[PDB]
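In C-alpha cells, the next block holds one chain alone, the form deposited in one PDB entry.
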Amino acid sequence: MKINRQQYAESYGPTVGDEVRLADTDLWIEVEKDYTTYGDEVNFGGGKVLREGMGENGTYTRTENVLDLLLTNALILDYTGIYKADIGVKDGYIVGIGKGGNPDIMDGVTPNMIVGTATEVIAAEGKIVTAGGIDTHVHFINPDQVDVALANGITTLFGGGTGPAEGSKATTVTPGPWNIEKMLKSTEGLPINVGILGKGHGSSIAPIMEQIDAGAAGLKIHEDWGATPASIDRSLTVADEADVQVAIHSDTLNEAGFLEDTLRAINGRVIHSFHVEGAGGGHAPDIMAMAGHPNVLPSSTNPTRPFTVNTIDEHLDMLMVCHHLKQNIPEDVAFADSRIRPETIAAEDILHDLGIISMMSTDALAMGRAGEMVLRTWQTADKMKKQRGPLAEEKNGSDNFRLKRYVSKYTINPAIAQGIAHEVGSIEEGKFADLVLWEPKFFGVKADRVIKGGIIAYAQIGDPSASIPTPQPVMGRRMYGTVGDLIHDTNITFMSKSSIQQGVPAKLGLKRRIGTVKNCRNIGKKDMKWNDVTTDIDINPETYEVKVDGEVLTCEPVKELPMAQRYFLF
C-alpha cells in the first residue's frame, strides 16, 4: 500500500529528502535520514497506535526499557544532524533517539524506547525539535528576563549579577562568596538552568579563587573592573586550577595594553572572548582579531546580529547607559564612539558564516536582548545566504550545512566552552532532556513548548478557562515544570568541582540538580563544532577594514529581516 509524500508529511512530519522552510526565511533544511519503519510510525490519540497491546506495551514495568516520555516523529535540527526520529526520555535525560513503540508487534523498535504504562507522549510530528539554547553571556538584572529567554527557546543562562546594581548592569559578575551564595539561593526559584560567574579581577589568587570555592561556575574579566594584565593572568591561573571557563571583555581603552598585550597576558591559555566584534566591548578597534586564535573561544553578543540599516544608530545611547557613562564627558563619548564601527559589524556577519566566530549569546540587559539569541542567529544565516549564496558545502538547494553551523553557535558550542556539554547543549543520548519544539512557521521566533529535564516548563498555550487549550489568547506561560518543588528537579545549577566537593549545595540548602563544570581548560577553537576555523584576522587601525587571507570582508546592511514584523505585536 503507498502514501504520497505530501500526505505522508502532513500526517507524520517530513521524511528523507523532504525540505522544510525555517520560519519566513529563505533557509531550507532537508531530512537527512529517518529512523522509522514506514507503517509502524508511533502516534497518540483516539484510535491511534500508542494503545495497550498495540504500539504501547502492556507488560513491562518502568525499569524494563520503558520510557517516561516519548516525543513522536520529531524533525531534529542539531549539530549532529538534521533527521527524523522519535525521542525517548527517562529520569529527565534523553535515553534513546530512534524508534519508539512496542517490540511485541512493531519492526525496528530501539530496545530502550518502549512505550509502556509509564510513558507520557508528546506529538512532535510536523514540529522541529532542537536542544535548548545555551546563553553564556547573561546579566542577572531583572527576574522577568527568564520568561523572555524561555519564549525564544533558551534553557541555560550562564553569566552574573545581583539584580539592577551598576556592577551587574555593566558586567556579568556576581562578586565574592556572599553575593555568590545569595544568587545560588535565588536560583532555586528560576525556572531555567543557571551557572554563575565570579569577578575575574584581583592581583592575588585567594580573593579570586574563593569565589570558585563558594560556588561560582566560572569567571568574568571585564574592563569596567580593570581588565589589566594582572587580572587576566590571575583569573586564568585560577581557572586552570579549578577547571572552569573565563570570559573576557578586554580593555577597550587600550589603557594598560593593546590587543597583543592581552594575548600575551593570556599566554596561550583557553579563554572565551565575549562580543568579539567589540561594540559590546574590547580593544578598539581590533578586538575581533581574537577570533583567529586557536586558544580563543569566540562569541558574539546579539545587538550587532545581523548588520542592518538601524544597527549603528541604536548603539551609542545603549552603550552609554550600560557602562554608566556621561554624555557630558567627551572621553566617555570618545570611548563609546570607538566601539561602534560598521566595518567590524559587517565583517562579523561574514566571520559567523565562515565558522570563525563560533558562538552566539545575548548580553541580556547590558547591551543585549534576552529573547533574541536564537532569533538573530537565524536572521544572520538568512542574510548570509542572500548576500553570499548557499555555501559550497551544501548539496541540492538544502541549507543543511549552514543550518548545522548556525544551530551550533547557540547550543553545543557555548556548552563546550563552559564545560557543561556532558549535560546540555545538544540532542544526544545521555544528555539532560532540555528540548524545544517549534512549529516551522514560528521556527526561531516563538517556541511552542520548552521541555526542561523531561517536563514542559514553558508553552505557548491559550485560555486556561476554555474547553481546550488552543482558544485565544495564546501566549507564553510557565507550565507545571516550574511549579512547587518540580522546579528543583527540572533545572540544573552548574557549579565548580571544588564547591561541589566542599559541600556548598548542602551548606546552602540547594535542592536543584547540581551539574559539574569540567573539561574546559584543554579545549580550543578546534573543538567548536562546525565553527573551528583559525586564521590571521587583520583589522586596519586607521580604516577598520577587516581582512582574512588577504581579502576584505565586507557586506551591506539590510533594510528588512525575516522573523520580524510578520510575527511581533510590537
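Residue positions are given as counts along the sequence shown, with the first one as 1. Think of the rigid core as the biggest set of C-alphas that the two forms share within 1.5 Å after superposition.
Stretches 427-435 and 277-285 differ in mean C-alpha B factor, with the higher average recorded for 277-285. With 330-338 and 373-381 compared on mean CA B-factor from the PDB entry, the stretch scoring higher is 330-338. Listed residues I416, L157, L190, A239 were ranked by CA B-factor as deposited; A239 comes out on top. Out of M479, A124, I350, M360, it is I350 whose C-alpha atom has the highest B-factor in the PDB entry. In this PDB entry, the Cα temperature factor of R305 sits in the top third of its chain's modelled residues, the highest group. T63 sits in the highest third of its chain by CA B factor, as recorded in the PDB entry. Residue-level temperature factors show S467 in the middle third of its chain, judged at the C-alpha atom. Ranked within its chain, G509 lands in the middle third, by CA B factor from the PDB record.
Residue-level temperature factors show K90 in the lowest third of its chain, judged at the C-alpha atom.
Form deposited in another entry: not shown, discussed below.
Once you line up the core between the shown form and the other one, the CA of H323 is the only one from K446, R405, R449, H323 that shifts by 2 Å or more.
Taking 2 Å as the criterion, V333 counts as shifted between the shown form and the other one: its C-alpha moves by at least this amount when the rigid core is aligned.
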